[PDB]
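Participant: One structure is given below, represented as structure tokens, and several questions about it will come after.
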Amino acid sequence: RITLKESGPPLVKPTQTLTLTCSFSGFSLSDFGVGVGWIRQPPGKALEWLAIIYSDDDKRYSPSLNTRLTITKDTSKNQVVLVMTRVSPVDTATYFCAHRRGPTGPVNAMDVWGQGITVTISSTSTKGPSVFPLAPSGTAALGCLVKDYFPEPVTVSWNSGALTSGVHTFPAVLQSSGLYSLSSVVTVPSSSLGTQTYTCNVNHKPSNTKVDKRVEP
Amino acid sequence: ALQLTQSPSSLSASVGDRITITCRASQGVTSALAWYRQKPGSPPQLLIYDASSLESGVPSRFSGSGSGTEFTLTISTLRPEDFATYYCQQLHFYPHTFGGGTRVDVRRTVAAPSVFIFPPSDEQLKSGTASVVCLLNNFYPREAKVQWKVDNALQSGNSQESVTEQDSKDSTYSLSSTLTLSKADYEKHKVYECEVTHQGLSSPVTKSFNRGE
Amino acid sequence: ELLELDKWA
């Protein structure tokens with residue numbers, strides 16, 4: 001049936017321009033009333049409407065983003081394009097393009113969405129993480145602070161995979177510096193603190209950086 | 001612009017439950033309202049269009065009614081796959097607004113978090129920064145409040161936190177908060193406190209440590 | 001607002 005797919009750069013620098021493409025199939029921007037819109041979603045936020053373009057080249061944008069967006073269509077390539085200028089870190093989000101049915105009720109909705117593309121705005125370059133210990137002291141907790149890496153993602157395991165119960169690897173946060181910081185903790189029995197050894201295995205492939213950090217009191 | 005208010009914003013349920021959810025428009029949008037279910041990692045999925053019509057392929061349990069300014073989405077018997085976030089969108093006026101969303105998670109008994117505070121490492125102090133993190137382990141519901149305090153001064157704008165997904169086996173959440181200071185500032189103070197507020201705690205819990213003690 | 005009406009309204 002109808003399927004759409006967004007493409008472009010997952011990483012963009014503040015100020016630079018973001019160009020995204022929506023490639024679809026199963027329909028054509030030639031069928032009268034058909035629309036293709038753009039919707040974005042900041043990590044942990046709600047959906048935000050961006051713009052819509054129809055078969056006649058009819059166009060509409062978000063009043064708030066109006067002087068920063070330009071939407072077009074190529075009916076030969078069956079693609080829609082969105083240009084967003086002077087992006088800042090608040091533009092980091094997942095961008096979705098979608099299909100809108102045309103006059104045959106059913107135009108009142110976006111019926112088919114692409115899976116979206118994650119774009120991150122950072123003035124940063126690839127960088128490996130520094131791995132710090134979160135020392136412990138009934139249930140006890142300990143962990144690893146995987147700080148200042150770029151870009152995502154990073155992998156963490158405990159005791160070379162042999163430890164999975166009680167583990168909680170949290171979602172990374174984008175610090176104001178442009179670098180990520182993530183936390184991984186495992187909860188255990190205080191009595192095991194002195195005989196068992198806990199080591200987190202950190203792997204940031206983007207920078208070819210591997211660290212094994214043993215953690216104790 | 002046209003504001004769409006979704007209610008409730010978050011809601012907990014169990015399989016086989018009957019739930020109804022609402023979306024209020026500040027202005028009449030006729031029947032031009034759509035409902036979407038969005039599972040984590042997955043994009044929005046059309047359930048209801050034109051406010052009351054079930055989208056082809058969508059389970060019959062979903063239903064929608066409303067017109068003008070009031071709209072509701074009902075799930076007669078909710079399934080495991082219905083634990084997601086729901087949104088309403090109006091396509092009557094430009095721009096085409098979306099509501100803030102209703103997050104539907106799994107109910108389990110109220111569990112207070114286990115709290116742990118982690119002083120920064122000596123190795124990181126050299127970098128010139130000090131990160132102290134606070135752990136809230138296995139709690140429910142999801143709302144928790146973390147307040148950082150250095151020598152009883154309330155910290156603001158210098159901490160970041162992230163929450164895990166609701167656990168598959170025990171339906172709990174876990175949170176991590178990080179307070180970032182400069183090495184100099186960390187060494188200028190003594191008490192580091194992480195205060196946690198949450199439904200399972202009658203009174204707010206505080207975990208602290210004195211920097212050189 | 002003097003809010004614009006959608007293409008199909």
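We label chains A, B, ... in the order they appear in the structure tokens, count residues from 1 in each chain, and number ligands from 1 in the order shown.
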Env of residue C:6: 6 Å cut, atoms = only C-alpha atoms, seq-sep filter 5 positions within chain, self excluded. Answer as number ranges by chain.
Facilitator: B: 92-94
Participant: Quick one: write out the picked residues with N, CA, C and O atoms as a compact mmCIF listing (two decimals), in the first residue's frame?
Facilitator:
```txt
# COMPACT_ATOMS: atom_id res chain seq x y z
N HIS B 92 -8.91 21.07 10.94
CA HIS B 92 -9.95 22.00 10.52
C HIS B 92 -9.36 23.40 10.25
O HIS B 92 -9.73 24.06 9.27
N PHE B 93 -8.45 23.83 11.12
CA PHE B 93 -7.78 25.12 11.01
C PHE B 93 -6.29 24.92 10.84
O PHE B 93 -5.74 23.94 11.33
N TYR B 94 -5.63 25.83 10.15
CA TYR B 94 -4.18 25.75 10.03
C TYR B 94 -3.69 26.64 11.16
O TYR B 94 -4.30 27.67 11.44
```
Participant: Just want the 9 Å neighbourhood of residue C:8, counted on only C-alpha atoms, with same-chain residues fewer than 5 positions away dropped. Output as a VMD selection string.
Facilitator: (chain A and resid 33 102 to 103 107 to 108) or (chain B and resid 91 to 92)
Participant: Return as an mmCIF file with C-alpha atoms, in the first residue's frame the full set of residues in stretch 64-210 of chain B whose backbone-based DSSP assignment is helix (DSSP H, G or I).
Facilitator:
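Output saved as states_20.cif:
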```cif
data_model
loop_
_atom_site.group_PDB
_atom_site.id
_atom_site.type_symbol
_atom_site.label_atom_id
_atom_site.label_comp_id
_atom_site.auth_asym_id
_atom_site.auth_seq_id
_atom_site.Cartn_x
_atom_site.Cartn_y
_atom_site.Cartn_z
ATOM 1 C CA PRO B 80 -1.164 -5.252 26.272
ATOM 2 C CA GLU B 81 -0.435 -3.530 22.987
ATOM 3 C CA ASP B 82 -2.523 -0.525 24.050
ATOM 4 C CA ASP B 122 38.656 11.791 42.302
ATOM 5 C CA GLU B 123 39.589 10.954 38.727
ATOM 6 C CA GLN B 124 36.787 13.173 37.404
ATOM 7 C CA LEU B 125 37.667 16.000 39.779
ATOM 8 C CA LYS B 126 40.894 16.312 37.783
ATOM 9 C CA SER B 127 38.922 16.972 34.597
ATOM 10 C CA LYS B 183 35.644 21.250 40.746
ATOM 11 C CA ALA B 184 36.079 24.596 42.511
ATOM 12 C CA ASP B 185 32.444 24.880 43.489
ATOM 13 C CA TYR B 186 32.299 21.308 44.750
ATOM 14 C CA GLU B 187 35.329 21.935 47.003
#
```
Participant: What separation in Å, quoted to one decimal, exists between atom CA of residue A:96 and atom CA of residue A:38?
Facilitator: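 These two atoms are separated by 5.6 Å.
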Participant: Might you pull out every residue within 12 Å of residue A:65, with only C-alpha atoms counted and same-chain residues fewer than 6 positions away left off, and present them as a ChimeraX atom specification?
Facilitator: /A:48-51,71,82-87,91 /B:95
Participant: Produce a table with one row for each residue of chain B that has an atom at most 6 Å from any atom of chain A, each row naming the nearest atom pair and its distance in Å at one decimal; use only C-alpha atoms; arrange rows by chain and rising residue number; format as a tab-separated table.
Facilitator:
```
residue	atom	partner	partner_atom	distance
B:32	CA	A:108	CA	5.1
B:34	CA	A:109	CA	5.3
B:43	CA	A:115	CA	5.4
B:46	CA	A:111	CA	5.6
B:49	CA	A:109	CA	5.4
B:50	CA	A:108	CA	5.0
B:91	CA	A:108	CA	5.9
B:95	CA	A:62	CA	5.9
B:100	CA	A:46	CA	5.4
B:118	CA	A:134	CA	5.6
B:162	CA	A:171	CA	5.9
B:164	CA	A:170	CA	5.7
```
Participant: Would you output that residue set with N, CA, C and O atoms, as a CSV table (one decimal), in the first residue's frame?
Facilitator:
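Result file again-v8.csv:
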```csv
chain,number,residue,atom,x,y,z
B,32,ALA,N,-13.4,17.3,12.3
B,32,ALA,CA,-12.0,17.2,11.8
B,32,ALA,C,-11.0,16.9,12.9
B,32,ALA,O,-10.1,17.6,13.1
B,34,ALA,N,-8.6,13.6,14.6
B,34,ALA,CA,-8.1,12.2,14.5
B,34,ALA,C,-7.4,11.7,15.8
B,34,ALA,O,-6.8,12.5,16.5
B,43,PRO,N,6.2,4.9,15.2
B,43,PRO,CA,5.5,6.1,14.8
B,43,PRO,C,4.0,6.1,15.1
B,43,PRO,O,3.5,5.0,15.4
B,46,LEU,N,-2.9,5.7,13.0
B,46,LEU,CA,-4.2,6.2,12.9
B,46,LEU,C,-5.3,5.1,13.4
B,46,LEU,O,-5.3,4.0,12.9
B,49,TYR,N,-10.5,8.6,12.6
B,49,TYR,CA,-10.5,9.8,11.7
B,49,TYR,C,-11.8,10.4,11.6
B,49,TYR,O,-12.8,9.7,11.7
B,50,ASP,N,-11.9,11.7,11.4
B,50,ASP,CA,-13.1,12.4,11.3
B,50,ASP,C,-13.9,12.2,12.6
B,50,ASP,O,-15.1,12.0,12.6
B,91,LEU,N,-7.6,18.9,12.1
B,91,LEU,CA,-7.3,19.3,10.7
B,91,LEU,C,-8.3,20.2,10.1
B,91,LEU,O,-8.6,20.1,8.9
B,95,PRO,N,-2.6,26.2,11.9
B,95,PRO,CA,-1.9,25.0,11.6
B,95,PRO,C,-2.7,23.8,12.2
B,95,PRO,O,-3.7,24.0,12.9
B,100,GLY,N,-1.3,17.4,23.7
B,100,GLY,CA,-0.1,17.0,24.4
B,100,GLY,C,0.1,15.6,24.6
B,100,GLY,O,1.2,15.1,25.0
B,118,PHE,N,25.5,9.4,44.8
B,118,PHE,CA,26.9,9.0,44.5
B,118,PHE,C,27.8,10.2,44.4
B,118,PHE,O,27.7,11.0,43.5
B,162,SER,N,17.0,11.3,33.6
B,162,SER,CA,16.3,10.5,32.6
B,162,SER,C,15.6,9.3,33.3
B,162,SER,O,16.1,8.9,34.4
B,164,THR,N,13.8,5.4,33.1
B,164,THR,CA,13.8,4.2,32.2
B,164,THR,C,12.4,3.9,31.8
B,164,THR,O,11.4,4.7,32.1
```
Participant: For residue A:213, which residue among A:70, A:179, A:150, A:158 is the nearest when counting only C-alpha atoms?
Facilitator: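 Counting only C-alpha atoms, the residue closest to residue A:213 is A:158.
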Participant: List every residue of chain B that DSSP, applied to the backbone of this structure, places in strand (DSSP E or B), and write the result as a ChimeraX atom specification.
Facilitator: /B:4-7,10-13,19-25,33-38,45-49,53-54,62-67,70-75,85-90,93-94,98,102-106,111,114-118,129-140,145-150,153-154,159-163,173-182,191-197,205-210
Participant: Write to file, as a CSV table (one decimal), in the first residue's frame, the residues of the selection just made, with C-alpha atoms.
Facilitator:
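Written output follows (again_21.csv):
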```csv
chain,number,residue,atom,x,y,z
B,4,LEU,CA,-6.0,20.9,22.0
B,5,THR,CA,-6.1,19.8,25.6
B,6,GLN,CA,-5.8,16.0,26.3
B,7,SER,CA,-7.2,14.5,29.5
B,10,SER,CA,-1.2,10.2,32.0
B,11,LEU,CA,-3.2,7.2,33.2
B,12,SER,CA,-2.6,3.8,34.6
B,13,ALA,CA,-4.6,0.7,33.8
B,19,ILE,CA,-10.8,3.5,29.5
B,20,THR,CA,-12.0,6.7,27.9
B,21,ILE,CA,-9.8,9.7,27.0
B,22,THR,CA,-10.6,13.3,26.0
B,23,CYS,CA,-9.4,16.1,23.8
B,24,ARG,CA,-10.8,19.6,24.1
B,25,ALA,CA,-10.5,22.2,21.4
B,33,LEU,CA,-10.3,15.3,14.7
B,34,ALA,CA,-8.1,12.2,14.5
B,35,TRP,CA,-6.8,9.8,17.2
B,36,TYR,CA,-3.4,8.1,17.1
B,37,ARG,CA,-1.8,5.4,19.2
B,38,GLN,CA,2.0,5.6,19.5
B,45,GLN,CA,-0.8,5.0,14.1
B,46,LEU,CA,-4.2,6.2,12.9
B,47,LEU,CA,-7.1,4.7,14.9
B,48,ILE,CA,-9.9,7.2,14.4
B,49,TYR,CA,-10.5,9.8,11.7
B,53,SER,CA,-14.8,6.7,12.2
B,54,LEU,CA,-12.7,3.6,12.9
B,62,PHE,CA,-11.4,1.5,19.7
B,63,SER,CA,-14.2,4.0,19.3
B,64,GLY,CA,-14.5,7.7,19.1
B,65,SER,CA,-17.2,10.3,19.5
B,66,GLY,CA,-17.3,14.1,19.8
B,67,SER,CA,-17.9,17.2,17.8
B,70,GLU,CA,-15.4,17.9,23.0
B,71,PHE,CA,-14.0,14.6,21.8
B,72,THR,CA,-13.3,11.2,23.4
B,73,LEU,CA,-11.5,8.0,22.6
B,74,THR,CA,-12.7,4.8,24.3
B,75,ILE,CA,-11.0,1.4,24.6
B,85,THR,CA,0.7,7.3,24.2
B,86,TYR,CA,-2.3,8.6,22.5
B,87,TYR,CA,-2.8,11.9,20.6
B,88,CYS,CA,-5.6,13.8,18.9
B,89,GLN,CA,-5.0,16.1,16.0
B,90,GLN,CA,-7.4,18.6,14.5
B,93,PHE,CA,-7.8,25.1,11.0
B,94,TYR,CA,-4.2,25.7,10.0
B,98,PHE,CA,-1.9,17.9,18.1
B,102,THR,CA,-2.1,10.8,27.2
B,103,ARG,CA,0.4,8.3,28.4
B,104,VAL,CA,-1.2,4.9,29.3
B,105,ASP,CA,0.9,2.6,31.5
B,106,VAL,CA,0.5,-0.5,33.6
B,111,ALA,CA,6.2,1.3,45.3
B,114,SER,CA,15.2,3.1,46.9
B,115,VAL,CA,17.3,6.2,46.9
B,116,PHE,CA,21.1,6.3,46.5
B,117,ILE,CA,23.4,9.3,46.2
B,118,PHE,CA,26.9,9.0,44.5
B,129,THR,CA,34.2,19.0,36.9
B,130,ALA,CA,32.1,17.3,39.6
B,131,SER,CA,29.2,15.1,38.8
B,132,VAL,CA,27.1,13.8,41.7
B,133,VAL,CA,24.3,11.4,40.7
B,134,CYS,CA,21.1,10.4,42.5
B,135,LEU,CA,19.4,7.0,42.0
B,136,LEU,CA,15.7,6.4,42.5
B,137,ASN,CA,15.2,2.6,42.1
B,138,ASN,CA,12.1,0.7,41.2
B,139,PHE,CA,9.2,3.0,42.1
B,140,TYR,CA,5.5,3.4,40.9
B,145,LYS,CA,10.6,14.7,42.3
B,146,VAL,CA,14.3,15.2,42.8
B,147,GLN,CA,15.7,18.3,44.6
B,148,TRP,CA,19.4,18.9,44.8
B,149,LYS,CA,20.9,20.8,47.7
B,150,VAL,CA,24.4,22.0,48.4
B,153,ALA,CA,21.1,25.9,48.9
B,154,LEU,CA,18.5,24.6,46.4
B,159,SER,CA,21.0,18.9,36.9
B,160,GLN,CA,19.7,16.6,34.2
B,161,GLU,CA,17.7,13.4,34.6
B,162,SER,CA,16.3,10.5,32.6
B,163,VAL,CA,13.8,7.8,33.4
B,173,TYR,CA,10.4,2.9,36.8
B,174,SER,CA,13.9,4.0,37.8
B,175,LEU,CA,15.3,7.5,37.6
B,176,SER,CA,18.8,9.0,37.5
B,177,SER,CA,19.6,12.6,38.2
B,178,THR,CA,23.0,14.3,37.7
B,179,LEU,CA,24.1,17.5,39.4
B,180,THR,CA,27.1,19.0,37.6
B,181,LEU,CA,29.4,21.5,39.4
B,182,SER,CA,32.9,22.8,38.7
B,191,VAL,CA,26.7,18.9,52.4
B,192,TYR,CA,25.4,17.2,49.2
B,193,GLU,CA,21.7,16.3,49.4
B,194,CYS,CA,19.3,14.6,47.1
B,195,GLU,CA,15.7,15.0,48.2
B,196,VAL,CA,13.1,12.7,46.7
B,197,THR,CA,9.3,13.2,46.7
B,205,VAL,CA,13.4,11.2,51.7
B,206,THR,CA,16.9,12.7,51.7
B,207,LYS,CA,20.2,11.0,51.0
B,208,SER,CA,23.3,12.9,51.7
B,209,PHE,CA,27.0,12.9,52.2
B,210,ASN,CA,29.6,15.4,53.4
```
Participant: Neighbours of residue B:78 within 8 Å (only C-alpha atoms; same-chain residues fewer than 4 positions away dropped), as a short mmCIF file (atom, residue, chain, number, x, y, z; two decimals) with C-alpha atoms, in the first residue's frame?
Facilitator:
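Full text of selection25.cif as output:
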```
data_model
loop_
_atom_site.label_atom_id
_atom_site.label_comp_id
_atom_site.auth_asym_id
_atom_site.auth_seq_id
_atom_site.Cartn_x
_atom_site.Cartn_y
_atom_site.Cartn_z
CA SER B 14 -4.60 -3.10 33.58
CA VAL B 15 -5.46 -5.43 30.70
CA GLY B 16 -9.20 -5.87 30.22
CA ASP B 17 -9.85 -2.35 31.53
CA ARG B 18 -12.33 0.06 29.99
CA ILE B 19 -10.82 3.52 29.49
CA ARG B 61 -12.42 -2.07 20.64
CA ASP B 82 -2.52 -0.53 24.05
#
```
